[PDB]
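A.B. asks: below is the sequence, then the experimental coordinates.
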Amino acid sequence: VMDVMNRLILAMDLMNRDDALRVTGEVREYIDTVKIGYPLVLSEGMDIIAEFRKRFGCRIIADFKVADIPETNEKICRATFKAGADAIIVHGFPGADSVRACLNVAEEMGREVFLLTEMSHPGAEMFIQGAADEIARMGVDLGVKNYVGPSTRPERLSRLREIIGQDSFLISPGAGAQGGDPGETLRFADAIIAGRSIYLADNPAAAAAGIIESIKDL
Amino acid sequence: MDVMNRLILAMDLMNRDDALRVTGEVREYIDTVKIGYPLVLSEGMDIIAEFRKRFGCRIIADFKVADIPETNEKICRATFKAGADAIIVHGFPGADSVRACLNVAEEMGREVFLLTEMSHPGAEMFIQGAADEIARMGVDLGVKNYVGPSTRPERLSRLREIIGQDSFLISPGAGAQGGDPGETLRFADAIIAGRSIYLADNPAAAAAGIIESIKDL
Ligand SMILES: O=c1cc(O)n([C@@H]2O[C@H](COP(=O)(O)O)[C@@H](O)[C@H]2O)c(=O)[nH]1
Ligand SMILES: O=c1cc(O)n([C@@H]2O[C@H](COP(=O)(O)O)[C@@H](O)[C@H]2O)c(=O)[nH]1
């Protein structure tokens, strides 16, 4: 599995190049894995992945929550890996063919898929939560090795860890701004994602160091 | 939304030259283009403004928005800043995520389309069982524009029943995925067509042919 420094992944959701680069550079001594999503990509272009690699040499997870039909999913994955992303995040709720399309491209291109099972926000309870255990089991059956599950619901995160097993890699958003607890989340997740609690801080480096201090025994 | 010939081009070519040429070849037949991530991630968001400059077409950004509310808001803002007239949003992540998109659309003078059931086989696993409830959620939220599947006209008809004749409904899956344009337009206001046009030997003739087949509609 990927070796994520300090079990901490930066969610870089700032929407201009200058700020995104400044903050990422400020925390680079603490974090070697950066999640780049559509807020930044749709504002600055896919070449932002190239610039981050050039400036920081951090691993890049493209958080694109891929959620289309198989044919379109393949195109999205090919474009994303072409730009230099190490991995891409894909929704499971559109079903097994859509996930398999992404897995097939990742295999061909030598990259990785993360399967998003349950989400961390309140609305996830409406439809996603009731499908999540089955989505996870589907991932295991398809050979998925990397997963995303919610920091905001420790009980659900624990179940998802059970389903995927200890050898699978699990990352988790929702600690900090959304109310999850970093230490509790790391009982089950390999790494936590942190966005606003870092990038909105007066001193992002101090914020990152503080999160790390709070989980130092882990 | 007044869609010329009830036909929306799904422009999923992945290079600018081909995308512009093919769209130009069929411009006399359409005034509405759906641009998705295959083109945007290959050529950049500036492609939307370029389509508006070249064709003066309406642009639907098919971004299948499916994040938490805070991130959805950012995605919609970036998308509308790029000149999209409308954005397609998944309903599966729940009401708060949809509302976040509705808020930005209202602020910027744009439309949200709610995707309720998808057209591909995998949709049967999780989405289909939630789809009627997703549609009722749209009604509750005041959503007026919807997407449902050409490949399952009985499901498309049910979606139309739920949202009412006043709502606007567009539908992918005719052509390449096996749906029939005419049958689909019994229930949808417009059909989406991608590969059946942009991969055809002659895209203009392909568009003309689709339109000939639904001439009475
Ligand atoms: O279930 C999930 C899945 C996510 O990827 N995310 C993403 O993780 C990040 C959370 O950032 P924050 O720490 O600011 O709440 C955002 O990029 C969000 O889009 C999430 O919050 N919940
Ligand atoms: O349920 C859905 C929803 C979609 O937006 N789409 C989109 O509609 C278009 C269908 O294109 P095509 O005619 O080549 O099958 C694609 O851009 C696809 O991403 C779909 O096929 N099924």
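C.D. replies: It's in. Residues are numbered from 1 along each chain as shown, chains lettered A, B, ... in the order given. Ligands and ions are numbered 1, 2, ... in the order given.
A.B. asks: how far away is residue A:134 from ligand 1?
C.D. replies: Distance from residue A:134 to ligand 1, counting by Cβ to the nearest ligand atom, to the nearest Å: 17 Å. C-beta: built from backbone N, CA, C; applies to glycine.
A.B. asks: residue in chain A nearest to ligand 1?
C.D. replies: residue A:195 (2.6 Å; Cβ to the nearest ligand atom).
A.B. asks: check contacts around that residue.
C.D. replies: Counting by Cβ atoms under 8 Å, 6 or more residues apart in numbering or on different chains, residue A:195 touches A:10, A:11, A:12, A:13, A:173, A:176, A:177.
A.B. asks: which bits of chain A sit near ligand 2?
C.D. replies: A:68, A:69, A:72 (Cβ under 6 Å from any ligand atom).
A.B. asks: I'd like the residues you listed as a markdown table, with secondary structure, distance to residue A:206 and neighbour count appended.
C.D. replies: Formatted as a markdown table, those follow (DSSP: H, G, I helix; E, B strand; the rest coil; distance: Cβ to Cβ, whole Å; neighbours: other Cβ atoms under 10 Å in any protein chain shown):
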| residue | secondary structure | distance to residue A:206 | neighbour count |
| --- | --- | --- | --- |
| A:68 | coil | 40 | 28 |
| A:69 | coil | 45 | 23 |
| A:72 | helix | 42 | 23 |
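A.B. asks: tabulate the residues you listed (CSV), appending distance to residue A:161.
C.D. replies: Shown next, in CSV, are these (distance: Cβ to Cβ, whole Å):
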residue, distance to residue A:161
A:68, 28
A:69, 30
A:72, 31
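A.B. asks: give me the subset of the residues you listed touching chain B.
C.D. replies: When contact is defined as Cβ under 8 Å from any Cβ of the partner chain, those meet chain B at A:68, A:69, A:72.
A.B. asks: contacts for the longest strand along chain A next, please.
C.D. replies: In chain A, ranked by residue count with DSSP state E as the criterion, the top strand is strand A:59-66. By Cβ under 8 Å, 6+ apart, the surrounding residues in contact with strand A:59-66 are A:2, A:4, A:9, A:11, A:32-38, A:41, A:49, A:52-53, A:73, A:76-77, A:80, A:83-91, A:98, A:102, A:114, A:116, B:37, B:66-67.
A.B. asks: and that strand, anywhere near ligand 1?
C.D. replies: Yes - using Cβ under 6 Å from any ligand atom, strand A:59-66 reaches ligand 1 at residue A:63.
A.B. asks: next, the angle from that strand to strand B:86-90.
C.D. replies: Using axes from the mean of the first three to the mean of the last three Cα atoms, to 10 degrees, the direction of strand A:59-66 lies 90 degrees away from that of strand B:86-90.
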